[PDB]
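Q: Sending over a structure as structure tokens; questions will come in a sec.
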Amino acid sequence: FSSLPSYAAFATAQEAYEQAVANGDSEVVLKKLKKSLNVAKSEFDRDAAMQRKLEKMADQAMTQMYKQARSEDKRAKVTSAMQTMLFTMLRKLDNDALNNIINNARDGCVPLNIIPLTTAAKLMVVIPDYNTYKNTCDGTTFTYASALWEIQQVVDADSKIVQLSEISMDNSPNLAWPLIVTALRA
Amino acid sequence: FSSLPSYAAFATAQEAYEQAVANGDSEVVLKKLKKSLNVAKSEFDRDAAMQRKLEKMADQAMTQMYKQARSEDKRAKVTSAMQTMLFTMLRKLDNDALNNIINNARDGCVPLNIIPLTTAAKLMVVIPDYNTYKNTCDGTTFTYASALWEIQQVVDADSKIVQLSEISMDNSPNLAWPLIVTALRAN
Amino acid sequence: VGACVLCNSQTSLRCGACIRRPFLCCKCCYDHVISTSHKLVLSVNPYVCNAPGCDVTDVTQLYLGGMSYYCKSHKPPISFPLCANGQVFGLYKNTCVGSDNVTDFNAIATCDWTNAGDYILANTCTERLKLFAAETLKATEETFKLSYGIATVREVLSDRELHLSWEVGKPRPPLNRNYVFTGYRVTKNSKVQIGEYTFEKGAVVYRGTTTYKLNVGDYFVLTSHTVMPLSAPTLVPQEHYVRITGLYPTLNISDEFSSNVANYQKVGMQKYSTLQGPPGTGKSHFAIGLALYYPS
Amino acid sequence: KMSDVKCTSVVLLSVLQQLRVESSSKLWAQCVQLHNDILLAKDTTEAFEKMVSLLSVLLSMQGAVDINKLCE
Amino acid sequence: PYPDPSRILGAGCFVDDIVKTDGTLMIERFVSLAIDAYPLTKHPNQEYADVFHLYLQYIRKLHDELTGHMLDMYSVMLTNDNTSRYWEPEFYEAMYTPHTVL
RNA sequence: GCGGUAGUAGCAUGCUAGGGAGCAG
RNA sequence: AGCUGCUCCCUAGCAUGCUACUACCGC
Ligand SMILES: [Zn+2]
Ligand SMILES: [Zn+2]
Ligand SMILES: [Zn+2]
């Protein structure tokens, strides 16, 4: 810190003492500049001490309040960041059993229960259109979760059982399309 | 520290110093106005620095007693709340059956684990599964603690009302199953 | 945490004594605090004297001491003026540009929206400043409408008329449908659901939204919603494209929109066009002929 | 590879829990059970099948708009 | 006494709240954990000392990215910190030598 | 030329108080 | 939403201590 007013007075006193010691004339005339220069570092290191601590005071307070602002802005967005992070990890995971059901849900095949894992036990998969039917169900076998299921109880949305052979392209616009195709694992 | 008897005196001493320095008459004048700034400095040493500490002391005392006042207000509030809780919860217990059960004690001191047993006006059962339900609360009425209770308002974990016909054997796996049956004391 | 009103510089300071508590940058916030009576500023923490039992609310009297903001006599020896360099202490300190002309936004902040010149200011100042003029205008008068009395019914004379008492201290609002009341049914627990009525003098004739029977002692209030600051300016900048982009013209047209078709030829080629809408010339005919010209 | 499964199971149960799935006791019990099996698993295949079984729970719901959050 | 390395890594990864998914806000917990996970540095098993070294490098990255973030939000940096001792082993070595400096 | 006292600044140690976080039972 | 114990970091205060600069006093 050199841009303070007392630095100029200290510099003048230092120049005076440099001239005195370069001339080396008196004993008391230079001693004046130990009663006027040794003071010159009393209103200098008193004014240049408090300001230097004030600088770090301001810095510490600013850092504290910046951290508080970040803490208030983070805990108010968790239920978007959690989902983003989850899906990034999932696409990093790279497992076909997952990608199959993720794509299927991205176009509509949302299961209506927990996908069972036993060789027995029931599954129900909504199918809202026909092009979706083309990829998943072929004949009697249901392909989902990279597994082989058996088709048993196709039904329309008005709770009327619809037979399997009926399902075709021309007669497709004759059914309540949100089918619920119950099946069992291999 | 500007309105003290010493600011005037130091100002007068320094005014004499500057006036006679501009005059600059004698070395003794400089000595006198230096020995005047070197005594009237003591005046601004204690008159404006020990009183600078009394302010700190007084502020400390004032905040301390402010804090103690708040301390003694919170006590009144907690006392009022506790006494109100006592006097409002007492109102539910004093049935006549409590008098009948205490007046018959040899002394008047009855155990605590028999007061709700023979005086409570409502029973709460918690059943983990249907098997235990069948041996405890089957039907609309059941007997516990040598009394007769009648069932109403059966609920489940999600605290949704469940009617009595639903709890069969095959329908059981379709219910949240810490079922909490509450019953009234029939007479 | 965002951008101030005039400068749009990233900032963290919000004027406490101001109507809608907007963001202000350090120099910009100081310019507001000295050019208004709005002497309260509210950053991520409140700028008040945190020593026990103080009442100072102006920022200039405040000084920083340790981990707080202190008044004149409550400070420790180590202190620092919050109001320095014409910019009040705040986050995003250097990244503040200040506004040359602030007195406009000082006037809006000190405005009571009483005279026509208030509205002239509301529409003459700049883009987000005039959006804020609308914000403050509305905010003021919803703080106004509930400062009137409550329409407590006293008697039920007959159908379509009632008797009305009003609370002591605050006046009676005008007797038109301009001030739409809303009622709730006072019960042993709370007040619930009457509906929106407007009252005129009979006796107090009540124009109710729905059919309903009232009793003695039920009262209605002029409710307000929660008014939350907009995002976009009043309308997007104008841009005249070469052709009707993104739209597919029709094949043939009916007669009743011919004078309209040679109109939609141009609203389709740029984005917006103000329509001199003289009353009852086929205005909703104009609206439907847009779809007749472009069905999809 | 398995560590990815454990971490993503933790994240999945976090998002499910904040999705107000704990208001259906049987559903929450199943989810918690599956989580604890995944965390205590020692081989990668049963971890993956329990993983897809757990993911099906979130997929069945209609709160997480999927076509957006998979913007790639 | 050295701890179980899985315990240290699990404390590093799994936390509560949301404050601690961001190292900058905390830092100090990494200092304490590196203090606790020091004696693994003298373990003959290779994959134990790397935990301590990872913690040191992570503290360094945390500090010199916090300084950059504060520099880009404001326009000056932490005029003096004397924080280098935190990402050097001399600080942590002091706590297992018999001369108390509380 | 010494001593002492009064001041001011800087530094260290330690004790108390307040806040944050981590480990072990 | 428990009882301890150890350790780090920040700030405040008092006291102590140390050192430096200035003033007064005699010797
Ligand atoms: Zn304002
Ligand atoms: Zn601004
Ligand atoms: Zn104060």
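Ligands are numbered from 1 in the order shown, chains are lettered A, B, ... in the order of the structure tokens, and residues start at 1 in each chain.
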Hey, list the chain C side of the contact with chain G: 12 Å cut-off, only C-alpha atoms (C1' of nucleotides), answer as a ChimeraX atom specification.
A: /C:65-68,76-78
Q: Return as a PyMOL selection string every polymer residue, whether protein, DNA or RNA, with at least one atom no more than 10 Å from an atom of ligand 2; count only C-alpha atoms (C1' of nucleotides) and all ligand atoms.
A: chain C and resi 3-11+13+23-32+95-100+102
Q: Let's see if you can do this: from backbone DSSP, list all helix (DSSP H, G or I) residues in stretch 62-267 of chain C, as a PyMOL selection string.
A: chain C and resi 103-109+116-124+127-145+255-267
Q: Using only C-alpha atoms, find the residues of chain D whose closest atom to chain B is at most 10 Å away, then write them as a PDB file with C-alpha atoms, in the first residue's frame.
A:
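For reference, result-v4.pdb as written:
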```pdb
ATOM      1  CA  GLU D  22     -43.375 -43.074  -0.049  1.00  0.00           C
ATOM      2  CA  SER D  23     -47.097 -42.256   0.270  1.00  0.00           C
ATOM      3  CA  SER D  24     -47.936 -45.836  -0.831  1.00  0.00           C
ATOM      4  CA  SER D  25     -46.538 -48.126   1.842  1.00  0.00           C
ATOM      5  CA  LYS D  26     -46.247 -51.334  -0.190  1.00  0.00           C
ATOM      6  CA  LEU D  27     -44.579 -49.458  -3.054  1.00  0.00           C
TER       7      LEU D  27
END
```
Q: May I ask you to write as a tab-separated table (two decimals) with N, CA and C atoms, in the first residue's frame all residues lying at most 7 Å from ligand 1, with only C-alpha atoms (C1' of nucleotides) and all ligand atoms counted?
A:
```
chain	number	residue	atom	x	y	z
C	15	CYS	N	-33.82	-3.52	-2.99
C	15	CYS	CA	-34.27	-2.38	-2.20
C	15	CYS	C	-35.43	-2.79	-1.30
C	17	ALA	N	-37.17	-0.99	1.04
C	17	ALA	CA	-38.25	-0.01	1.14
C	17	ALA	C	-38.97	0.21	-0.17
C	18	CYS	N	-38.63	-0.55	-1.20
C	18	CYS	CA	-39.19	-0.35	-2.52
C	18	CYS	C	-40.46	-1.19	-2.65
C	19	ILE	N	-41.26	-0.90	-3.68
C	19	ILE	CA	-42.58	-1.50	-3.79
C	19	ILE	C	-42.47	-3.00	-4.04
C	32	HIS	N	-30.30	4.70	-6.51
C	32	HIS	CA	-31.64	4.62	-5.92
C	32	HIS	C	-31.72	5.02	-4.45
C	33	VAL	N	-30.78	4.60	-3.61
C	33	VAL	CA	-30.99	4.89	-2.19
C	33	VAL	C	-30.84	6.39	-1.90
C	36	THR	N	-34.06	8.53	-3.77
C	36	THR	CA	-35.42	8.25	-3.31
C	36	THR	C	-35.45	8.37	-1.80
C	38	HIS	N	-36.42	5.51	-0.49
C	38	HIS	CA	-36.24	4.07	-0.29
C	38	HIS	C	-34.89	3.80	0.35
C	106	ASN	N	-36.30	6.25	-10.10
C	106	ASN	CA	-36.62	6.82	-8.80
C	106	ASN	C	-38.05	7.35	-8.75
C	109	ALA	N	-40.42	4.42	-8.64
C	109	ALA	CA	-40.39	3.83	-7.31
C	109	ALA	C	-41.06	4.69	-6.25
```
Q: As a quick test: using only C-alpha atoms (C1' of nucleotides) and all ligand atoms, which residues lie no more than 9 Å away from ligand 3? Give them as a PyMOL selection string.
A: chain C and resi 48-56+61-62+69-75
Q: Give me the residues within 8 Å of stretch 43-56 of chain D as a ChimeraX atom specification, counting only C-alpha atoms (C1' of nucleotides) and dropping any in the same chain fewer than 6 places off.
A: /A:97-98,111,113-117,145 /D:1-2,5,9,12,31,34-35,37
Q: Keeping N, CA, C and O atoms, export the residues of the selection given above as a PDB file, in the first residue's frame.
A:
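Output contents, as saved in out_35.pdb:
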```pdb
ATOM      1  N   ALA A  97     -30.705 -54.360 -21.567  1.00  0.00           N
ATOM      2  CA  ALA A  97     -31.940 -54.581 -20.823  1.00  0.00           C
ATOM      3  C   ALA A  97     -32.554 -53.265 -20.374  1.00  0.00           C
ATOM      4  O   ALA A  97     -33.781 -53.128 -20.317  1.00  0.00           O
ATOM      5  N   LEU A  98     -31.717 -52.279 -20.056  1.00  0.00           N
ATOM      6  CA  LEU A  98     -32.227 -50.969 -19.675  1.00  0.00           C
ATOM      7  C   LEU A  98     -32.665 -50.169 -20.897  1.00  0.00           C
ATOM      8  O   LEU A  98     -33.785 -49.650 -20.933  1.00  0.00           O
ATOM      9  N   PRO A 111     -44.927 -49.985 -18.412  1.00  0.00           N
ATOM     10  CA  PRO A 111     -45.573 -51.060 -17.655  1.00  0.00           C
ATOM     11  C   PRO A 111     -46.460 -50.483 -16.565  1.00  0.00           C
ATOM     12  O   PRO A 111     -46.235 -49.382 -16.063  1.00  0.00           O
ATOM     13  N   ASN A 113     -46.975 -52.084 -13.676  1.00  0.00           N
ATOM     14  CA  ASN A 113     -46.584 -52.706 -12.418  1.00  0.00           C
ATOM     15  C   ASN A 113     -45.068 -52.861 -12.406  1.00  0.00           C
ATOM     16  O   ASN A 113     -44.384 -52.560 -13.388  1.00  0.00           O
ATOM     17  N   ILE A 114     -44.554 -53.338 -11.272  1.00  0.00           N
ATOM     18  CA  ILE A 114     -43.144 -53.680 -11.184  1.00  0.00           C
ATOM     19  C   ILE A 114     -42.881 -54.877 -12.082  1.00  0.00           C
ATOM     20  O   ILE A 114     -43.609 -55.876 -12.037  1.00  0.00           O
ATOM     21  N   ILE A 115     -41.849 -54.780 -12.914  1.00  0.00           N
ATOM     22  CA  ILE A 115     -41.508 -55.867 -13.828  1.00  0.00           C
ATOM     23  C   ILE A 115     -41.077 -57.067 -12.996  1.00  0.00           C
ATOM     24  O   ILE A 115     -40.057 -57.004 -12.296  1.00  0.00           O
ATOM     25  N   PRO A 116     -41.822 -58.167 -13.025  1.00  0.00           N
ATOM     26  CA  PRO A 116     -41.446 -59.336 -12.228  1.00  0.00           C
ATOM     27  C   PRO A 116     -40.204 -60.012 -12.777  1.00  0.00           C
ATOM     28  O   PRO A 116     -39.909 -59.959 -13.972  1.00  0.00           O
ATOM     29  N   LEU A 117     -39.470 -60.663 -11.874  1.00  0.00           N
ATOM     30  CA  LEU A 117     -38.213 -61.303 -12.227  1.00  0.00           C
ATOM     31  C   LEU A 117     -38.255 -62.822 -12.171  1.00  0.00           C
ATOM     32  O   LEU A 117     -37.353 -63.464 -12.719  1.00  0.00           O
ATOM     33  N   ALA A 145     -37.956 -55.955 -22.003  1.00  0.00           N
ATOM     34  CA  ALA A 145     -36.900 -56.060 -20.994  1.00  0.00           C
ATOM     35  C   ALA A 145     -35.860 -57.104 -21.388  1.00  0.00           C
ATOM     36  O   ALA A 145     -35.244 -57.742 -20.531  1.00  0.00           O
TER      37      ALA A 145
ATOM     38  N   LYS D   1     -17.633 -51.883 -12.914  1.00  0.00           N
ATOM     39  CA  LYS D   1     -18.946 -51.855 -13.548  1.00  0.00           C
ATOM     40  C   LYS D   1     -20.056 -51.869 -12.502  1.00  0.00           C
ATOM     41  O   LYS D   1     -21.026 -51.118 -12.603  1.00  0.00           O
ATOM     42  N   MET D   2     -19.899 -52.730 -11.494  1.00  0.00           N
ATOM     43  CA  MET D   2     -20.912 -52.843 -10.448  1.00  0.00           C
ATOM     44  C   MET D   2     -21.051 -51.548  -9.658  1.00  0.00           C
ATOM     45  O   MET D   2     -22.160 -51.194  -9.230  1.00  0.00           O
ATOM     46  N   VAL D   5     -23.590 -49.432 -10.983  1.00  0.00           N
ATOM     47  CA  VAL D   5     -24.927 -49.909 -10.640  1.00  0.00           C
ATOM     48  C   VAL D   5     -25.325 -49.434  -9.249  1.00  0.00           C
ATOM     49  O   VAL D   5     -26.445 -48.957  -9.036  1.00  0.00           O
ATOM     50  N   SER D   9     -28.291 -46.797  -8.469  1.00  0.00           N
ATOM     51  CA  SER D   9     -29.403 -47.211  -7.620  1.00  0.00           C
ATOM     52  C   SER D   9     -29.644 -46.198  -6.510  1.00  0.00           C
ATOM     53  O   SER D   9     -30.796 -45.880  -6.192  1.00  0.00           O
ATOM     54  N   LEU D  12     -31.334 -43.277  -8.130  1.00  0.00           N
ATOM     55  CA  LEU D  12     -32.700 -43.612  -8.510  1.00  0.00           C
ATOM     56  C   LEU D  12     -33.622 -43.607  -7.302  1.00  0.00           C
ATOM     57  O   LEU D  12     -34.742 -43.090  -7.366  1.00  0.00           O
ATOM     58  N   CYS D  31     -39.530 -50.786  -2.982  1.00  0.00           N
ATOM     59  CA  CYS D  31     -38.398 -49.999  -3.459  1.00  0.00           C
ATOM     60  C   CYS D  31     -37.225 -50.083  -2.491  1.00  0.00           C
ATOM     61  O   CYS D  31     -36.076 -50.279  -2.906  1.00  0.00           O
ATOM     62  N   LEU D  34     -35.573 -53.536  -2.680  1.00  0.00           N
ATOM     63  CA  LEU D  34     -34.738 -53.680  -3.871  1.00  0.00           C
ATOM     64  C   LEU D  34     -33.443 -52.892  -3.736  1.00  0.00           C
ATOM     65  O   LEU D  34     -32.371 -53.376  -4.119  1.00  0.00           O
ATOM     66  N   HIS D  35     -33.526 -51.676  -3.199  1.00  0.00           N
ATOM     67  CA  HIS D  35     -32.330 -50.876  -2.972  1.00  0.00           C
ATOM     68  C   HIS D  35     -31.335 -51.626  -2.098  1.00  0.00           C
ATOM     69  O   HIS D  35     -30.150 -51.749  -2.436  1.00  0.00           O
ATOM     70  N   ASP D  37     -31.084 -54.820  -1.535  1.00  0.00           N
ATOM     71  CA  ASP D  37     -30.459 -55.962  -2.207  1.00  0.00           C
ATOM     72  C   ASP D  37     -29.386 -55.521  -3.190  1.00  0.00           C
ATOM     73  O   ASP D  37     -28.338 -56.169  -3.289  1.00  0.00           O
TER      74      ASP D  37
END
```
Q: Dump as an mmCIF file with N, CA, C and O atoms, in the first residue's frame the residues of chain E that approach chain C to within 9 Å, counting only C-alpha atoms.
A:
```
data_model
loop_
_atom_site.group_PDB
_atom_site.id
_atom_site.type_symbol
_atom_site.label_atom_id
_atom_site.label_comp_id
_atom_site.auth_asym_id
_atom_site.auth_seq_id
_atom_site.Cartn_x
_atom_site.Cartn_y
_atom_site.Cartn_z
ATOM 1 N N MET E 73 -16.468 -14.337 -10.899
ATOM 2 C CA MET E 73 -17.619 -13.582 -10.415
ATOM 3 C C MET E 73 -17.237 -12.158 -10.026
ATOM 4 O O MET E 73 -17.893 -11.204 -10.461
ATOM 5 N N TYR E 74 -16.195 -12.001 -9.222
ATOM 6 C CA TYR E 74 -15.612 -10.708 -8.889
ATOM 7 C C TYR E 74 -14.505 -10.412 -9.910
ATOM 8 O O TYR E 74 -14.593 -10.942 -11.019
ATOM 9 N N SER E 75 -13.543 -9.517 -9.642
ATOM 10 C CA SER E 75 -12.378 -9.443 -10.518
ATOM 11 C C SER E 75 -11.028 -9.421 -9.804
ATOM 12 O O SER E 75 -10.011 -9.216 -10.479
#
```
Q: Can you check which residues of chain F have any atom within 12 Å of chain B? Use only C-alpha atoms (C1' of nucleotides) and format it as a PDB file with N, CA, C and O atoms (P, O5', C5', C4', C3', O3' and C1' of nucleotides), in the first residue's frame.
A:
```
ATOM      1  P     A F   6       2.212   2.492  33.419  1.00  0.00           P
ATOM      2  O5'   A F   6       1.581   3.690  32.582  1.00  0.00           O
ATOM      3  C5'   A F   6       0.855   4.727  33.224  1.00  0.00           C
ATOM      4  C4'   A F   6       0.836   5.977  32.383  1.00  0.00           C
ATOM      5  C3'   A F   6       0.267   5.814  30.981  1.00  0.00           C
ATOM      6  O3'   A F   6      -1.144   5.931  30.964  1.00  0.00           O
ATOM      7  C1'   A F   6       2.341   6.949  30.868  1.00  0.00           C
ATOM      8  P     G F   7      -2.052   4.798  30.280  1.00  0.00           P
ATOM      9  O5'   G F   7      -2.108   5.227  28.750  1.00  0.00           O
ATOM     10  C5'   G F   7      -1.188   4.686  27.818  1.00  0.00           C
ATOM     11  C4'   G F   7      -0.915   5.634  26.681  1.00  0.00           C
ATOM     12  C3'   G F   7      -1.017   5.015  25.295  1.00  0.00           C
ATOM     13  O3'   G F   7      -2.342   5.031  24.797  1.00  0.00           O
ATOM     14  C1'   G F   7       1.047   6.134  25.495  1.00  0.00           C
ATOM     15  P     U F   8      -2.995   3.697  24.188  1.00  0.00           P
ATOM     16  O5'   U F   8      -2.343   3.586  22.740  1.00  0.00           O
ATOM     17  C5'   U F   8      -2.447   4.659  21.816  1.00  0.00           C
ATOM     18  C4'   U F   8      -1.468   4.505  20.681  1.00  0.00           C
ATOM     19  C3'   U F   8      -1.388   3.122  20.058  1.00  0.00           C
ATOM     20  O3'   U F   8      -2.440   2.839  19.155  1.00  0.00           O
ATOM     21  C1'   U F   8       0.790   3.902  20.473  1.00  0.00           C
TER      22        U F   8
END
```
Q: Using only C-alpha atoms (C1' of nucleotides), find the residues of chain B whose closest atom to chain G is at most 12 Å away, then write them as a PyMOL selection string.
A: chain B and resi 34-42+45+56+60
Q: Counting only C-alpha atoms (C1' of nucleotides), a student should be able to say which residues of chain F come within 12 Å of chain E; what is the right answer, written as a list in words?
A: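 So the residues of chain F near chain E are residues 13, 14, 20, 21, 22, 23 and 24 of chain F.
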Q: In Å, with one decimal, what is the gap from atom CA of residue C:127 to atom CA of residue C:2?
A: 17.0 Å
Q: Set the cut-off to 10 Å and count only C-alpha atoms: what are the residues of chain B that reach chain C? Output as a list in words.
A: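 Only these qualify: residues 55, 56, 59, 62, 63, 66 and 67 of chain B.
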Q: Just N, CA and C atoms for this one: save the residues we selected as an mmCIF file, in the first residue's frame.
A:
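Below is the file that was written, part.cif:
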```cif
data_model
loop_
_atom_site.group_PDB
_atom_site.id
_atom_site.type_symbol
_atom_site.label_atom_id
_atom_site.label_comp_id
_atom_site.auth_asym_id
_atom_site.auth_seq_id
_atom_site.Cartn_x
_atom_site.Cartn_y
_atom_site.Cartn_z
ATOM 1 N N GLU B 55 -17.440 3.591 27.925
ATOM 2 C CA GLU B 55 -18.501 3.322 26.961
ATOM 3 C C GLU B 55 -18.578 1.838 26.628
ATOM 4 N N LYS B 56 -17.426 1.194 26.434
ATOM 5 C CA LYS B 56 -17.408 -0.243 26.182
ATOM 6 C C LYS B 56 -18.008 -1.007 27.356
ATOM 7 N N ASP B 59 -21.885 -0.396 27.500
ATOM 8 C CA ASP B 59 -22.582 -1.139 26.461
ATOM 9 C C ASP B 59 -22.616 -2.626 26.783
ATOM 10 N N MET B 62 -25.281 -3.181 29.379
ATOM 11 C CA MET B 62 -26.628 -2.992 28.850
ATOM 12 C C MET B 62 -27.075 -4.191 28.022
ATOM 13 N N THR B 63 -26.210 -4.689 27.132
ATOM 14 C CA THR B 63 -26.592 -5.875 26.364
ATOM 15 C C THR B 63 -26.755 -7.099 27.253
ATOM 16 N N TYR B 66 -30.147 -6.798 28.790
ATOM 17 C CA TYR B 66 -31.133 -7.060 27.741
ATOM 18 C C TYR B 66 -31.324 -8.562 27.532
ATOM 19 N N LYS B 67 -30.211 -9.291 27.421
ATOM 20 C CA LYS B 67 -30.279 -10.736 27.242
ATOM 21 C C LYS B 67 -30.969 -11.401 28.425
#
```
Q: Would you mind listing what lies within 12 Å of residue A:47 as an NGL selection string, with only C-alpha atoms (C1' of nucleotides) counted and same-chain residues fewer than 5 positions away left out?
A: (:A and (1-7 or 40-42 or 52-54)) or (:F and (9))
Q: Taking only residues of chain A that have an atom at most 10 Å from an atom of chain E, what is each one's shortest atom pair and its distance in Å to one decimal, using only C-alpha atoms, in chain and number order, as CSV?
A:
```
residue,atom,partner,partner_atom,distance
A:55,CA,E:79,CA,8.4
A:56,CA,E:79,CA,7.4
A:59,CA,E:78,CA,7.0
A:60,CA,E:78,CA,8.7
A:62,CA,E:70,CA,9.6
A:63,CA,E:70,CA,7.9
A:64,CA,E:25,CA,9.3
A:66,CA,E:70,CA,8.5
A:67,CA,E:25,CA,5.9
A:68,CA,E:25,CA,8.5
A:70,CA,E:25,CA,8.0
A:71,CA,E:19,CA,6.0
A:72,CA,E:19,CA,9.0
A:74,CA,E:18,CA,7.0
A:75,CA,E:18,CA,5.9
A:76,CA,E:18,CA,9.5
A:77,CA,E:18,CA,9.9
A:78,CA,E:18,CA,7.8
```
Q: Report the residues of stretch 40-226 of chain C whose backbone DSSP state falls under strand (DSSP E or B), written as a PyMOL selection string.
A: chain C and resi 41-42+46+63-64+69-70+80-81+83-84+87-88+151-153+158+161-162+164-165+182-186+191-195+197-201+204-208+219-221
Q: What does the distance between atom CA of residue A:79 and atom CA of residue C:228 come to in Å, to one decimal place?
A: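 These two atoms are separated by 22.1 Å.
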